[PDB]
$ cat final_8.pdb   # PDB, C-alpha atoms (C1' of nucleotides)
ATOM      1  CA  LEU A1081      52.669 -97.873 -57.453  1.00  0.00           C
ATOM      2  CA  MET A1082      49.693 -99.919 -58.600  1.00  0.00           C
ATOM      3  CA  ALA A1083      48.260 -96.894 -60.429  1.00  0.00           C
ATOM      4  CA  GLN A1084      50.201 -95.032 -63.090  1.00  0.00           C
ATOM      5  CA  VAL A1085      50.631 -91.303 -62.584  1.00  0.00           C
ATOM      6  CA  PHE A1086      49.863 -88.431 -64.932  1.00  0.00           C
ATOM      7  CA  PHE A1087      53.163 -86.632 -65.175  1.00  0.00           C
ATOM      8  CA  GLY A1088      54.562 -83.620 -66.997  1.00  0.00           C
ATOM      9  CA  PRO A1089      55.559 -79.961 -66.827  1.00  0.00           C
ATOM     10  CA  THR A1090      53.019 -77.209 -66.279  1.00  0.00           C
ATOM     11  CA  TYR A1091      53.358 -73.446 -65.908  1.00  0.00           C
ATOM     12  CA  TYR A1092      52.679 -72.334 -62.333  1.00  0.00           C
ATOM     13  CA  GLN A1093      52.741 -68.839 -60.880  1.00  0.00           C
ATOM     14  CA  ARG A1094      53.327 -67.656 -57.320  1.00  0.00           C
ATOM     15  CA  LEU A1095      50.643 -65.367 -55.942  1.00  0.00           C
ATOM     16  CA  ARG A1096      51.183 -62.415 -53.622  1.00  0.00           C
ATOM     17  CA  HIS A1097      49.299 -63.979 -50.698  1.00  0.00           C
ATOM     18  CA  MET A1098      51.828 -65.549 -48.334  1.00  0.00           C
ATOM     19  CA  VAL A1099      51.046 -66.868 -44.877  1.00  0.00           C
ATOM     20  CA  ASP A1100      53.739 -64.809 -43.157  1.00  0.00           C
ATOM     21  CA  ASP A1101      51.923 -61.664 -44.321  1.00  0.00           C
ATOM     22  CA  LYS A1102      48.638 -62.906 -42.828  1.00  0.00           C
ATOM     23  CA  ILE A1103      49.501 -64.607 -39.521  1.00  0.00           C
ATOM     24  CA  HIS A1104      48.476 -62.458 -36.570  1.00  0.00           C
ATOM     25  CA  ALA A1105      47.925 -62.945 -32.844  1.00  0.00           C
ATOM     26  CA  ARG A1106      47.082 -60.618 -29.985  1.00  0.00           C
ATOM     27  CA  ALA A1107      46.987 -61.007 -26.212  1.00  0.00           C
ATOM     28  CA  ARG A1108      46.768 -57.351 -25.163  1.00  0.00           C
ATOM     29  CA  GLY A1109      47.743 -54.080 -26.759  1.00  0.00           C
ATOM     30  CA  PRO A1110      46.604 -50.667 -27.950  1.00  0.00           C
ATOM     31  CA  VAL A1111      42.940 -49.711 -27.685  1.00  0.00           C
ATOM     32  CA  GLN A1112      40.863 -46.968 -29.252  1.00  0.00           C
ATOM     33  CA  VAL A1113      40.570 -43.729 -27.309  1.00  0.00           C
ATOM     34  CA  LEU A1114      36.816 -43.306 -27.791  1.00  0.00           C
ATOM     35  CA  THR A1115      35.610 -46.843 -27.055  1.00  0.00           C
ATOM     36  CA  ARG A1116      38.607 -48.454 -25.286  1.00  0.00           C
ATOM     37  CA  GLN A1117      38.306 -51.552 -27.474  1.00  0.00           C
ATOM     38  CA  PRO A1118      41.159 -53.182 -29.407  1.00  0.00           C
ATOM     39  CA  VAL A1119      42.257 -51.266 -32.493  1.00  0.00           C
ATOM     40  CA  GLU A1120      41.643 -52.547 -36.021  1.00  0.00           C
ATOM     41  CA  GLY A1121      44.402 -53.959 -38.187  1.00  0.00           C
ATOM     42  CA  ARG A1122      47.176 -56.530 -38.200  1.00  0.00           C
ATOM     43  CA  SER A1123      49.751 -53.789 -38.782  1.00  0.00           C
ATOM     44  CA  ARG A1124      48.567 -51.937 -35.661  1.00  0.00           C
ATOM     45  CA  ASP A1125      48.505 -55.045 -33.425  1.00  0.00           C
ATOM     46  CA  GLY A1126      44.726 -54.929 -33.510  1.00  0.00           C
ATOM     47  CA  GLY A1127      42.118 -57.388 -32.356  1.00  0.00           C
ATOM     48  CA  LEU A1128      39.673 -59.662 -34.127  1.00  0.00           C
ATOM     49  CA  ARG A1129      35.979 -58.899 -34.389  1.00  0.00           C
TER
ATOM     50  CA  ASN B 226       4.370 -40.284 -16.885  1.00  0.00           C
ATOM     51  CA  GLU B 227       4.253 -37.649 -14.159  1.00  0.00           C
ATOM     52  CA  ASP B 228       7.441 -38.849 -12.465  1.00  0.00           C
ATOM     53  CA  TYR B 229       9.638 -39.675 -15.449  1.00  0.00           C
ATOM     54  CA  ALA B 230       8.343 -38.267 -18.764  1.00  0.00           C
ATOM     55  CA  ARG B 231       6.579 -34.950 -18.316  1.00  0.00           C
ATOM     56  CA  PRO B 232       5.337 -33.389 -21.583  1.00  0.00           C
ATOM     57  CA  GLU B 233       6.973 -29.983 -21.134  1.00  0.00           C
ATOM     58  CA  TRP B 234      10.393 -31.637 -20.842  1.00  0.00           C
ATOM     59  CA  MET B 235      10.260 -32.210 -24.611  1.00  0.00           C
ATOM     60  CA  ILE B 236      11.268 -28.541 -25.029  1.00  0.00           C
ATOM     61  CA  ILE B 237      14.939 -27.852 -24.325  1.00  0.00           C
ATOM     62  CA  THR B 238      15.589 -24.991 -21.909  1.00  0.00           C
ATOM     63  CA  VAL B 239      18.944 -26.154 -20.515  1.00  0.00           C
ATOM     64  CA  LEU B 240      21.386 -28.253 -22.529  1.00  0.00           C
ATOM     65  CA  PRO B 241      23.645 -30.913 -20.966  1.00  0.00           C
ATOM     66  CA  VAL B 242      27.269 -30.658 -22.105  1.00  0.00           C
ATOM     67  CA  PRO B 243      28.887 -34.113 -22.366  1.00  0.00           C
ATOM     68  CA  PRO B 244      32.347 -34.659 -20.881  1.00  0.00           C
ATOM     69  CA  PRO B 245      35.432 -34.790 -23.126  1.00  0.00           C
ATOM     70  CA  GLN B 246      35.346 -38.597 -22.903  1.00  0.00           C
ATOM     71  CA  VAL B 247      32.355 -38.480 -25.250  1.00  0.00           C
ATOM     72  CA  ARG B 248      34.062 -36.071 -27.688  1.00  0.00           C
ATOM     73  CA  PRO B 249      37.793 -36.800 -27.508  1.00  0.00           C
ATOM     74  CA  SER B 250      40.299 -34.729 -29.438  1.00  0.00           C
ATOM     75  CA  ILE B 251      42.714 -36.279 -31.931  1.00  0.00           C
ATOM     76  CA  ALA B 252      46.301 -35.248 -32.668  1.00  0.00           C
ATOM     77  CA  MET B 253      46.346 -34.938 -36.457  1.00  0.00           C
ATOM     78  CA  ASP B 254      50.123 -34.439 -36.510  1.00  0.00           C
ATOM     79  CA  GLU B 255      52.955 -34.036 -34.017  1.00  0.00           C
ATOM     80  CA  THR B 256      51.966 -30.423 -33.234  1.00  0.00           C
ATOM     81  CA  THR B 257      48.335 -29.626 -34.130  1.00  0.00           C
ATOM     82  CA  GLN B 258      45.471 -31.528 -32.516  1.00  0.00           C
ATOM     83  CA  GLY B 259      41.961 -31.614 -33.919  1.00  0.00           C
ATOM     84  CA  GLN B 260      38.784 -30.643 -32.100  1.00  0.00           C
ATOM     85  CA  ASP B 261      35.962 -33.148 -32.387  1.00  0.00           C
ATOM     86  CA  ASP B 262      32.795 -32.476 -34.365  1.00  0.00           C
ATOM     87  CA  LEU B 263      30.681 -32.330 -31.209  1.00  0.00           C
ATOM     88  CA  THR B 264      33.064 -29.776 -29.706  1.00  0.00           C
ATOM     89  CA  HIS B 265      32.712 -27.500 -32.735  1.00  0.00           C
ATOM     90  CA  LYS B 266      28.932 -27.892 -32.737  1.00  0.00           C
ATOM     91  CA  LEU B 267      28.763 -27.030 -29.038  1.00  0.00           C
ATOM     92  CA  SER B 268      30.945 -23.981 -29.691  1.00  0.00           C
ATOM     93  CA  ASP B 269      28.529 -22.879 -32.419  1.00  0.00           C
ATOM     94  CA  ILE B 270      25.543 -23.414 -30.121  1.00  0.00           C
ATOM     95  CA  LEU B 271      27.187 -21.415 -27.338  1.00  0.00           C
ATOM     96  CA  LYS B 272      28.080 -18.585 -29.735  1.00  0.00           C
ATOM     97  CA  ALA B 273      24.463 -18.441 -30.878  1.00  0.00           C
ATOM     98  CA  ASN B 274      23.322 -18.359 -27.249  1.00  0.00           C
ATOM     99  CA  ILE B 275      25.696 -15.477 -26.513  1.00  0.00           C
ATOM    100  CA  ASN B 276      24.457 -13.671 -29.620  1.00  0.00           C
ATOM    101  CA  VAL B 277      20.817 -14.025 -28.563  1.00  0.00           C
ATOM    102  CA  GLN B 278      21.572 -12.795 -25.045  1.00  0.00           C
ATOM    103  CA  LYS B 279      23.515  -9.793 -26.358  1.00  0.00           C
ATOM    104  CA  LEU B 280      20.847  -8.871 -28.906  1.00  0.00           C
ATOM    105  CA  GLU B 281      17.985  -9.157 -26.420  1.00  0.00           C
ATOM    106  CA  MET B 282      19.325  -6.677 -23.864  1.00  0.00           C
TER
ATOM    107  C1'   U C   1      80.578 -47.004 -10.311  1.00  0.00           C
ATOM    108  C1'   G C   2      78.417 -44.574 -14.600  1.00  0.00           C
ATOM    109  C1'   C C   3      73.898 -46.558 -15.436  1.00  0.00           C
ATOM    110  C1'   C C   4      68.192 -47.947 -19.353  1.00  0.00           C
ATOM    111  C1'   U C   5      62.540 -45.937 -22.658  1.00  0.00           C
ATOM    112  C1'   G C   6      57.172 -48.381 -23.983  1.00  0.00           C
ATOM    113  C1'   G C   7      53.644 -44.222 -26.318  1.00  0.00           C
ATOM    114  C1'   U C   8      50.571 -43.901 -31.117  1.00  0.00           C
ATOM    115  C1'   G C   9      45.772 -39.998 -35.461  1.00  0.00           C
ATOM    116  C1'   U C  10      41.298 -39.623 -37.591  1.00  0.00           C
ATOM    117  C1'   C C  11      38.135 -39.334 -41.491  1.00  0.00           C
ATOM    118  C1'   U C  12      37.206 -40.566 -46.441  1.00  0.00           C
ATOM    119  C1'   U C  13      38.333 -43.362 -50.775  1.00  0.00           C
ATOM    120  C1'   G C  14      40.242 -47.133 -53.804  1.00  0.00           C
ATOM    121  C1'   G C  15      41.963 -51.810 -54.930  1.00  0.00           C
ATOM    122  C1'   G C  16      41.991 -56.672 -53.275  1.00  0.00           C
ATOM    123  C1'   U C  17      41.076 -62.066 -50.087  1.00  0.00           C
ATOM    124  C1'   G C  18      37.677 -65.886 -48.539  1.00  0.00           C
ATOM    125  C1'   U C  19      33.111 -67.529 -48.632  1.00  0.00           C
TER
END

$ encode --input "final_8.pdb" --output "structure tokens"
Amino acid sequence: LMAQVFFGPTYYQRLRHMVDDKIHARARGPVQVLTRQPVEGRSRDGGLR
Amino acid sequence: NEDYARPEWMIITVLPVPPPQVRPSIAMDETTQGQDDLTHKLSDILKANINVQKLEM
RNA sequence: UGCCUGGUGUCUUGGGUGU
């Protein structure tokens, strides 16, 4: 490489936010009883606002 | 407006009772379901109406 | 011939994520 590279060990930490705990998709599913709109929440297979 | 908004209609003499779709009940657990707030308020209103009718006669 | 199932609380609160 034409440019030299800064290089060495550094202390890194893994945070709790992982993509597989955030990915969510919905085509159709449960709806609220009062308004008949998609429920809220990824855990409940909800929709996006 | 004579046809649509008559002044004496601002005093309630008959109350419309909404269908259960407006005040749905919720099953709190597997056995006991919960009455909605509007249902309880309508029950209180109807009890007061019955009380007035009974007292008057 | 012994024949197969979709149906999911609510209200508060608290802590967080990205701006």

$ residues_around --input "final_8.pdb" --residues "residue 264 of chain B" --least-positions-apart "5" --cutoff "12 Å" --atoms "only C-alpha atoms (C1' of nucleotides)" --output "NGL selection string"
:B and (242-251 or 259 or 269-271)

$ atom_distance --input "final_8.pdb" --atom1 "atom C1' of residue 11 of chain C" --atom2 "atom CA of residue 266 of chain B"
17.1 Å

$ interface_residues --input "final_8.pdb" --of "chain A" --to "chain C" --cutoff "10 Å" --atoms "only C-alpha atoms (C1' of nucleotides)" --output "PDB file with C-alpha atoms, in the coordinates of the input"
ATOM      1  CA  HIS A1097      49.299 -63.979 -50.698  1.00  0.00           C
ATOM      2  CA  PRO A1110      46.604 -50.667 -27.950  1.00  0.00           C
ATOM      3  CA  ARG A1124      48.567 -51.937 -35.661  1.00  0.00           C
TER       4      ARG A1124
END

$ atom_distance --input "final_8.pdb" --atom1 "atom CA of residue 273 of chain B" --atom2 "atom CA of residue 257 of chain B"
26.6 Å

$ atom_distance --input "final_8.pdb" --atom1 "atom CA of residue 267 of chain B" --atom2 "atom CA of residue 240 of chain B"
9.9 Å

$ closest_residue --input "final_8.pdb" --among "A:1112, A:1090, A:1122, A:1103" --to "chain B" --atoms "all atoms listed in the file"
A:1112

$ decode --input "final_8.pdb" --residues "chain C" --atoms "N, CA and C atoms (P, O5', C5', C4', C3', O3' and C1' of nucleotides)" --output "PDB file, in the first residue's frame"
ATOM      1  P     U C   1     -62.805 -48.646   5.976  1.00  0.00           P
ATOM      2  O5'   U C   1     -61.355 -48.241   5.456  1.00  0.00           O
ATOM      3  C5'   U C   1     -60.182 -48.945   5.905  1.00  0.00           C
ATOM      4  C4'   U C   1     -59.634 -48.304   7.156  1.00  0.00           C
ATOM      5  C3'   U C   1     -60.226 -46.950   7.506  1.00  0.00           C
ATOM      6  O3'   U C   1     -60.052 -46.606   8.875  1.00  0.00           O
ATOM      7  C1'   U C   1     -58.014 -46.675   6.699  1.00  0.00           C
ATOM      8  P     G C   2     -60.077 -47.725  10.037  1.00  0.00           P
ATOM      9  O5'   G C   2     -60.091 -46.869  11.376  1.00  0.00           O
ATOM     10  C5'   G C   2     -60.517 -45.516  11.358  1.00  0.00           C
ATOM     11  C4'   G C   2     -59.452 -44.611  11.913  1.00  0.00           C
ATOM     12  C3'   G C   2     -59.521 -43.156  11.485  1.00  0.00           C
ATOM     13  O3'   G C   2     -60.502 -42.398  12.175  1.00  0.00           O
ATOM     14  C1'   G C   2     -57.307 -43.922  11.270  1.00  0.00           C
ATOM     15  P     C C   3     -61.677 -41.652  11.367  1.00  0.00           P
ATOM     16  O5'   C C   3     -61.072 -40.203  11.098  1.00  0.00           O
ATOM     17  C5'   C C   3     -60.095 -39.975  10.064  1.00  0.00           C
ATOM     18  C4'   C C   3     -59.038 -39.020  10.564  1.00  0.00           C
ATOM     19  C3'   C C   3     -58.687 -37.859   9.640  1.00  0.00           C
ATOM     20  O3'   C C   3     -58.416 -36.730  10.454  1.00  0.00           O
ATOM     21  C1'   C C   3     -56.740 -39.080  10.132  1.00  0.00           C
ATOM     22  P     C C   4     -59.289 -35.384  10.322  1.00  0.00           P
ATOM     23  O5'   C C   4     -58.422 -34.483   9.334  1.00  0.00           O
ATOM     24  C5'   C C   4     -57.024 -34.240   9.581  1.00  0.00           C
ATOM     25  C4'   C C   4     -56.856 -33.167  10.630  1.00  0.00           C
ATOM     26  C3'   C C   4     -56.601 -31.759  10.100  1.00  0.00           C
ATOM     27  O3'   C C   4     -57.210 -30.789  10.945  1.00  0.00           O
ATOM     28  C1'   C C   4     -54.796 -32.425  11.458  1.00  0.00           C
ATOM     29  P     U C   5     -58.102 -29.602  10.325  1.00  0.00           P
ATOM     30  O5'   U C   5     -57.815 -28.379  11.304  1.00  0.00           O
ATOM     31  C5'   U C   5     -56.479 -28.104  11.755  1.00  0.00           C
ATOM     32  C4'   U C   5     -56.513 -27.061  12.845  1.00  0.00           C
ATOM     33  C3'   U C   5     -55.721 -25.792  12.565  1.00  0.00           C
ATOM     34  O3'   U C   5     -56.584 -24.863  11.920  1.00  0.00           O
ATOM     35  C1'   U C   5     -55.511 -26.521  14.854  1.00  0.00           C
ATOM     36  P     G C   6     -56.311 -24.380  10.409  1.00  0.00           P
ATOM     37  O5'   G C   6     -55.389 -23.076  10.591  1.00  0.00           O
ATOM     38  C5'   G C   6     -55.932 -21.793  10.878  1.00  0.00           C
ATOM     39  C4'   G C   6     -56.253 -21.598  12.368  1.00  0.00           C
ATOM     40  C3'   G C   6     -56.683 -20.154  12.652  1.00  0.00           C
ATOM     41  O3'   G C   6     -58.062 -20.114  12.986  1.00  0.00           O
ATOM     42  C1'   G C   6     -54.552 -20.671  13.665  1.00  0.00           C
ATOM     43  P     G C   7     -58.901 -18.750  12.991  1.00  0.00           P
ATOM     44  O5'   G C   7     -58.620 -18.114  14.438  1.00  0.00           O
ATOM     45  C5'   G C   7     -57.757 -17.005  14.617  1.00  0.00           C
ATOM     46  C4'   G C   7     -57.648 -16.637  16.097  1.00  0.00           C
ATOM     47  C3'   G C   7     -56.425 -15.772  16.370  1.00  0.00           C
ATOM     48  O3'   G C   7     -56.531 -14.452  15.868  1.00  0.00           O
ATOM     49  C1'   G C   7     -56.738 -17.384  18.094  1.00  0.00           C
ATOM     50  P     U C   8     -55.296 -13.437  15.999  1.00  0.00           P
ATOM     51  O5'   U C   8     -55.466 -12.925  17.514  1.00  0.00           O
ATOM     52  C5'   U C   8     -54.396 -12.291  18.189  1.00  0.00           C
ATOM     53  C4'   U C   8     -54.783 -11.871  19.618  1.00  0.00           C
ATOM     54  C3'   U C   8     -53.528 -11.434  20.397  1.00  0.00           C
ATOM     55  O3'   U C   8     -53.764 -10.393  21.341  1.00  0.00           O
ATOM     56  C1'   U C   8     -54.549 -13.293  21.417  1.00  0.00           C
ATOM     57  P     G C   9     -52.582  -9.390  21.769  1.00  0.00           P
ATOM     58  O5'   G C   9     -53.206  -8.626  23.017  1.00  0.00           O
ATOM     59  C5'   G C   9     -53.732  -9.374  24.122  1.00  0.00           C
ATOM     60  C4'   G C   9     -54.888  -8.636  24.742  1.00  0.00           C
ATOM     61  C3'   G C   9     -54.630  -7.170  25.045  1.00  0.00           C
ATOM     62  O3'   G C   9     -54.966  -6.359  23.916  1.00  0.00           O
ATOM     63  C1'   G C   9     -55.554  -8.245  26.954  1.00  0.00           C
ATOM     64  P     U C  10     -54.131  -5.018  23.607  1.00  0.00           P
ATOM     65  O5'   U C  10     -54.624  -4.018  24.741  1.00  0.00           O
ATOM     66  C5'   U C  10     -56.015  -3.689  24.851  1.00  0.00           C
ATOM     67  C4'   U C  10     -56.295  -3.108  26.209  1.00  0.00           C
ATOM     68  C3'   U C  10     -55.380  -1.973  26.627  1.00  0.00           C
ATOM     69  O3'   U C  10     -55.785  -0.722  26.066  1.00  0.00           O
ATOM     70  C1'   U C  10     -55.649  -3.499  28.423  1.00  0.00           C
ATOM     71  P     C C  11     -54.696   0.440  25.854  1.00  0.00           P
ATOM     72  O5'   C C  11     -54.539   1.058  27.311  1.00  0.00           O
ATOM     73  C5'   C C  11     -55.677   1.469  28.048  1.00  0.00           C
ATOM     74  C4'   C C  11     -55.367   1.595  29.516  1.00  0.00           C
ATOM     75  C3'   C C  11     -54.173   2.463  29.861  1.00  0.00           C
ATOM     76  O3'   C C  11     -54.488   3.841  29.835  1.00  0.00           O
ATOM     77  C1'   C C  11     -54.083   0.455  31.107  1.00  0.00           C
ATOM     78  P     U C  12     -53.319   4.933  29.766  1.00  0.00           P
ATOM     79  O5'   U C  12     -52.833   5.045  31.274  1.00  0.00           O
ATOM     80  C5'   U C  12     -51.515   5.457  31.575  1.00  0.00           C
ATOM     81  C4'   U C  12     -51.030   4.845  32.860  1.00  0.00           C
ATOM     82  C3'   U C  12     -49.558   5.039  33.155  1.00  0.00           C
ATOM     83  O3'   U C  12     -49.269   6.320  33.675  1.00  0.00           O
ATOM     84  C1'   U C  12     -50.131   2.787  33.521  1.00  0.00           C
ATOM     85  P     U C  13     -48.139   7.219  32.981  1.00  0.00           P
ATOM     86  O5'   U C  13     -46.792   6.653  33.605  1.00  0.00           O
ATOM     87  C5'   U C  13     -46.724   6.369  34.990  1.00  0.00           C
ATOM     88  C4'   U C  13     -45.695   5.315  35.300  1.00  0.00           C
ATOM     89  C3'   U C  13     -44.328   5.515  34.687  1.00  0.00           C
ATOM     90  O3'   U C  13     -43.569   6.508  35.346  1.00  0.00           O
ATOM     91  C1'   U C  13     -44.961   3.252  34.489  1.00  0.00           C
ATOM     92  P     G C  14     -42.396   7.275  34.578  1.00  0.00           P
ATOM     93  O5'   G C  14     -41.225   6.203  34.553  1.00  0.00           O
ATOM     94  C5'   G C  14     -40.711   5.670  35.779  1.00  0.00           C
ATOM     95  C4'   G C  14     -39.778   4.540  35.465  1.00  0.00           C
ATOM     96  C3'   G C  14     -38.768   4.842  34.376  1.00  0.00           C
ATOM     97  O3'   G C  14     -37.638   5.507  34.922  1.00  0.00           O
ATOM     98  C1'   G C  14     -39.815   2.798  33.900  1.00  0.00           C
ATOM     99  P     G C  15     -36.768   6.481  34.005  1.00  0.00           P
ATOM    100  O5'   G C  15     -35.730   5.503  33.308  1.00  0.00           O
ATOM    101  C5'   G C  15     -35.069   4.500  34.060  1.00  0.00           C
ATOM    102  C4'   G C  15     -34.592   3.379  33.178  1.00  0.00           C
ATOM    103  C3'   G C  15     -33.821   3.799  31.944  1.00  0.00           C
ATOM    104  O3'   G C  15     -32.472   4.107  32.231  1.00  0.00           O
ATOM    105  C1'   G C  15     -35.432   2.190  31.345  1.00  0.00           C
ATOM    106  P     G C  16     -31.634   5.028  31.228  1.00  0.00           P
ATOM    107  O5'   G C  16     -31.210   4.020  30.078  1.00  0.00           O
ATOM    108  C5'   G C  16     -31.150   4.451  28.734  1.00  0.00           C
ATOM    109  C4'   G C  16     -31.448   3.317  27.794  1.00  0.00           C
ATOM    110  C3'   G C  16     -31.299   3.636  26.323  1.00  0.00           C
ATOM    111  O3'   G C  16     -29.953   3.601  25.898  1.00  0.00           O
ATOM    112  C1'   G C  16     -33.339   2.526  26.668  1.00  0.00           C
ATOM    113  P     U C  17     -29.435   4.696  24.873  1.00  0.00           P
ATOM    114  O5'   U C  17     -30.068   4.213  23.498  1.00  0.00           O
ATOM    115  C5'   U C  17     -29.760   2.915  22.978  1.00  0.00           C
ATOM    116  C4'   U C  17     -30.226   2.835  21.555  1.00  0.00           C
ATOM    117  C3'   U C  17     -29.960   4.084  20.738  1.00  0.00           C
ATOM    118  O3'   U C  17     -28.678   4.044  20.124  1.00  0.00           O
ATOM    119  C1'   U C  17     -32.224   3.462  20.505  1.00  0.00           C
ATOM    120  P     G C  18     -27.958   5.410  19.751  1.00  0.00           P
ATOM    121  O5'   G C  18     -28.867   5.980  18.579  1.00  0.00           O
ATOM    122  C5'   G C  18     -28.422   5.874  17.221  1.00  0.00           C
ATOM    123  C4'   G C  18     -29.485   6.376  16.283  1.00  0.00           C
ATOM    124  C3'   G C  18     -29.634   7.883  16.203  1.00  0.00           C
ATOM    125  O3'   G C  18     -28.678   8.442  15.321  1.00  0.00           O
ATOM    126  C1'   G C  18     -31.752   6.929  16.467  1.00  0.00           C
ATOM    127  P     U C  19     -27.444   9.234  15.924  1.00  0.00           P
ATOM    128  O5'   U C  19     -27.564  10.664  15.240  1.00  0.00           O
ATOM    129  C5'   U C  19     -28.497  11.636  15.737  1.00  0.00           C
ATOM    130  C4'   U C  19     -29.625  11.815  14.754  1.00  0.00           C
ATOM    131  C3'   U C  19     -30.272  13.191  14.741  1.00  0.00           C
ATOM    132  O3'   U C  19     -29.622  14.039  13.804  1.00  0.00           O
ATOM    133  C1'   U C  19     -31.937  11.573  15.071  1.00  0.00           C
TER     134        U C  19
END
